[PDB]
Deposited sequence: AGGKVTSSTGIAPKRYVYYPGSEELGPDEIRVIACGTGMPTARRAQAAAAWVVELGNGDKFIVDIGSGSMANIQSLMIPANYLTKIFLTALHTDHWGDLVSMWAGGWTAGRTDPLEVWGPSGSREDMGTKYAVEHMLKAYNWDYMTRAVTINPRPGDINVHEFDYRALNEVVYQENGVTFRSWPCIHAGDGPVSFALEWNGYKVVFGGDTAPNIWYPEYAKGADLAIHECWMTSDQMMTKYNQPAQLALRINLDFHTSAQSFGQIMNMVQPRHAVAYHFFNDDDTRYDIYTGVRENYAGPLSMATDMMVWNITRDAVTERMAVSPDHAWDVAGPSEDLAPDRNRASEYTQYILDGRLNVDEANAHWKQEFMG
């Protein structure tokens, strides 16, 4: 213990802990809202299974900085599930795509996401057009880097389907069911592996599906909205609009509690509120009106270890100065000679360091 490693550490240092064969690790890489802030990236979850499979559920704007702090090689993070096509649920897919490829991902991204009520409201269309949006980046990068990693294979599934299997691979099952939020399309996921069940709610008004299909989850994640008082205080909403937000549009803390009392998970996770010194306590208290079981109030870099005997909540202590960590056909140039003729002579300036570096 003098020279040796401190065991069972009270914080999670990403890349410092072996994952056991009968264990799951879940890390919140975004817990926040459609509005950006350094304290909270938009919705993103990393799941690491003891079998060695790793999934991303949601990759909202700003979450890539949290994901990259985990010291996980890009080739282990190629399978992404989207609950919804909000920018705060998949905005950083383009950063995973582009950054991973420049940083040695060799395999394409695999993306599972819902359909909508028509083609242009679904995940296939969305990813297809994101790729065209970044055509300049794709074509220029593809000149100097083999484009195989630049492909995104989309597995779109019917948003309407009630607890149907959307993924079955290597003893891992993902089921989806609908959400009620903004318009048709958003879903929740249940990940089933090795007698474990992890539920990723996504975004919804309270629904009849989640309480049924999430039942007995080892870890149950659901949206848990800021209070009507907080909507008045913070967003300057009139009393009636603030009231409606927690009845019509979203799952209230009180509703979240009803739902988790119905679900009886080993551990419930509230997320998708601004987790501030002046907001969290009314939200936690709303939940405890109706649910008394183990509860985590999520913020960025919270981590859950799921074992047979426990679901433990810790905070990740991860590097702000993050770096990519290493894992184990002719194309047309996109330059004209008009541009390449612009090169400045810098032979003189670079001479000293160049002679020293080659020696």
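Non-modelled portions of the deposited polymer sequence, in sequence order: Seq positions lacking coordinates: 1 to 6, 335 to 341.
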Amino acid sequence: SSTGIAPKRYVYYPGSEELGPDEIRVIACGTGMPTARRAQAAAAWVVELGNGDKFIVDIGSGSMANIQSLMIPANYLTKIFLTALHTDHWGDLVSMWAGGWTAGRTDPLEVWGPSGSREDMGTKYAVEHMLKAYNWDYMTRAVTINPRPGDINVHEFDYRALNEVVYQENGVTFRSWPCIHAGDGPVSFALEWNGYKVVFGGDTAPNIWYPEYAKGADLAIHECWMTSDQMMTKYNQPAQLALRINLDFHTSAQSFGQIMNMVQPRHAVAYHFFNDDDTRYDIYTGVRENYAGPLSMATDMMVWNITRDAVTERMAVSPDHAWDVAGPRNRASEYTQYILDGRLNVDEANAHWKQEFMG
From here on, numbers count along this sequence of modelled residues.
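- request: Take the C-alpha B-factors listed in the entry for 283 to 291 and for 109 to 117, compute each mean, and give the stretch with the larger one.
  value: The recorded data point to 283 to 291.
query: Looking at the deposited entry, does 319 to 327 or 33 to 41 carry the larger mean Cα B-factor?
result: Here the higher of the two C-alpha B-factor means belongs to 319 to 327.
- prompt: What's the residue among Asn146, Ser176, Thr123, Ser252 with the greatest CA temperature factor in the PDB record?
  reply: Of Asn146, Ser176, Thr123, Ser252, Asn146 has the highest C-alpha B-factor.
- request: Using the temperature factors in the entry, find which of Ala239, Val166, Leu77, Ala84 has the highest value at its Cα atom.
  value: If I rank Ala239, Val166, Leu77, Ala84 by C-alpha B-factor, first place goes to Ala239.
field: Among modelled residues of the same chain, the CA temperature factor third for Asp229
entry: It falls in the top third of the chain.
task: Sort the modelled residues of this chain by their C-alpha B factor and say whether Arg244 lands in the lowest, middle or highest third.
output: CA B-factor rank for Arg244: highest third.
- prompt: Lowest, middle or highest third: where is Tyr134 by Cα B-factor in its chain?
  reply: Lowest third of the chain for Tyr134's C-alpha B-factor.
message: Per the entry's values, where does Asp309 land by CA temperature factor relative to the rest of its chain, in the lowest, middle or highest third?
response: Answer is highest: the recorded C-alpha B-factor places it there.
task: Check where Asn261 lands among this chain's C-alpha B-factors and tell me if it's the lowest, middle or highest third.
output: It belongs to the highest third of the chain when residues are ordered by C-alpha B-factor.
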